[PDB]
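First, one chain by itself in structure tokens, the form deposited in one PDB entry.
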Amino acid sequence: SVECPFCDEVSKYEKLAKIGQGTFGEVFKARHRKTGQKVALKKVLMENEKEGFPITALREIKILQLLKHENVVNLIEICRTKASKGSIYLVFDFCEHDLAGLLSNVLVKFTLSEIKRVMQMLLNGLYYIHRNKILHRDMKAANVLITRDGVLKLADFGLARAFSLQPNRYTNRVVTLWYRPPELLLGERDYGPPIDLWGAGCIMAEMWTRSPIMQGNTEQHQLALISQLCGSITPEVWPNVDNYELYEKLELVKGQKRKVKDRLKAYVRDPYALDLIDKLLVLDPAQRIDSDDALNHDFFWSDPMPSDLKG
């Protein structure tokens, strides 16, 4: 009826499986009817959307179209479905594994040189998106995919947002709880890329521990668990932390440990690995290692050197 040359109908894909199996939302595996190509379909949720096409959807789509890189998920196109009362699908390239389900699986085994590559790819991905003035804001094992040719992809830019540098007033409930950084828990609203690098640390560790390292239940109960690993939240250790409103929640103003290294030595053998992890899981965001200096850390430049993937 209406001319529509640049938005094909999603029926070009054959649905196959609810790949979230609950846990991603309404997200399907699917097969391009002519080529065989496998893809992921996300329906743009329209429940309680009173203000037309959702702004958060528009934002994600803007971001995905910008971010084009070997280690970021690829948005192929956006698809409609013919009305009479109609919907919109984001169409990603299908990735066969994700790092959560790979760590979960006991038959899967990670050699050191592989683990280096996984991290190398992840930080490269982070370098890119931050270089493009964008915060991911949802780092977690589950959102880190790997292709059958062993190429890692950052995925789920659903709560991603553009950033820059009056203070910045950014949404504070962001990042899953177990991978959420200190700053955000102490109510920080002008933050940037360090929040993702914090996440990369919890993931890095998880690559040996095979399970998320800091499984809290609330803001305070999380921030407790963090304090029981990275020291406690001292202005000595983090210049100006006192200045935060939410300072002295249950935050034991005395009860500190010292090191991450100790509780992880048991699992992480390599001396160089532990060191990277420590400069990533730093309390002060402005003294946390960055994407760039992290990639240059001797972990990625010593033996066994980083290698391609099968396991």
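Take the two forms, superpose them, and find the largest set of C-alpha atoms that agree within 1.5 Å; that set is the rigid core. Throughout, we count residues from 1 along the sequence that is shown.
_Where both flanking residues are modelled in the other PDB entries compared, is residue 83 itself missing in a third or more?_
Yes; at least one third of the other entries leave residue 83 out.
*asked:* What about residue 166, left without coordinates in a third or more of the other entries of this protein that model its neighbours?
replied: Yes, residue 166 lacks coordinates in at least a third of the other compared entries that model both of its neighbours.
_Checking chain continuity here. Are there deposited residues lacking coordinates between residue 165 and residue 166, and if so is it 1 to 3, 4 to 9, or 10 or more (or none)?_
In the deposited sequence, 4 to 9 residues between these two have no coordinates.
*Averaged over C-alpha atoms, is the B-factor higher for 208-216 or for 132-140 in this PDB entry?*
Taking the mean C-alpha B-factor of 208-216 and of 132-140, the larger value falls to 208-216.
*Which is higher on average in the deposited entry, the C-alpha temperature factors of 267-275 or of 56-64?*
Averaged over C-alpha atoms, the B-factors run higher in 267-275.
*Determine which member of 221, 153, 80, 148 has the highest CA B-factor, using the values in the deposited entry.*
Comparing C-alpha B-factors across 221, 153, 80, 148, the maximum falls on 221.
*asked:* Take the CA temperature factors straight from the PDB entry and tell me which of 260, 44, 30, 280 peaks.
replied: Result of the comparison over 260, 44, 30, 280: 260.
_Ranked against its chain, the third holding the CA B-factor of residue 201_ = Middle third of the chain for residue 201's C-alpha B-factor.
*Ranked against its chain, the third holding the CA B-factor of residue 70*: Bottom third by C-alpha B-factor.
*Classify residue 11 as lowest, middle or highest third according to the C-alpha B-factor given in the PDB entry, relative to its own chain.*
Answer is lowest: the recorded C-alpha B-factor places it there.
*If you rank the chain by CA B-factor, which third does residue 161 end up in: lowest, middle or highest?*
Tercile = lowest for this residue's CA B-factor.
*In terms of the chain's CA B-factor thirds, is residue 255 lowest, middle or highest?*
Tercile = highest for this residue's CA B-factor.
One more form of this protein, deposited in another entry, exists but is not displayed; see below.
*asked:* To test your reading of the superposition: with the rigid core aligned, which of 66, 253, 286, 58 moves its Cα by 2 angstroms or more between the shown form and the other one?
replied: It is 253; the other listed residues stay below 2 Å.
*On a core-based superposition, does residue 24 travel 2 Å or more at its Cα between the shown form and the other one?*
It does shift by 2 Å or more.
*asked:* I want to verify one pair: residue 201 and residue 23. Are their C-alpha atoms nearer or more distant in that other deposited form compared with the form I supplied, knowing the change is 3 Å or more?
replied: Farther apart, by at least 3 Å.
*Do the C-alpha atoms of residue 253 and residue 216 sit closer or farther apart in that other deposited form than they do here, given a shift of 3 Å or more?*
It is closer: in that other deposited form, the C-alpha atoms of residue 253 and residue 216 lie at least 3 Å nearer than they do here.
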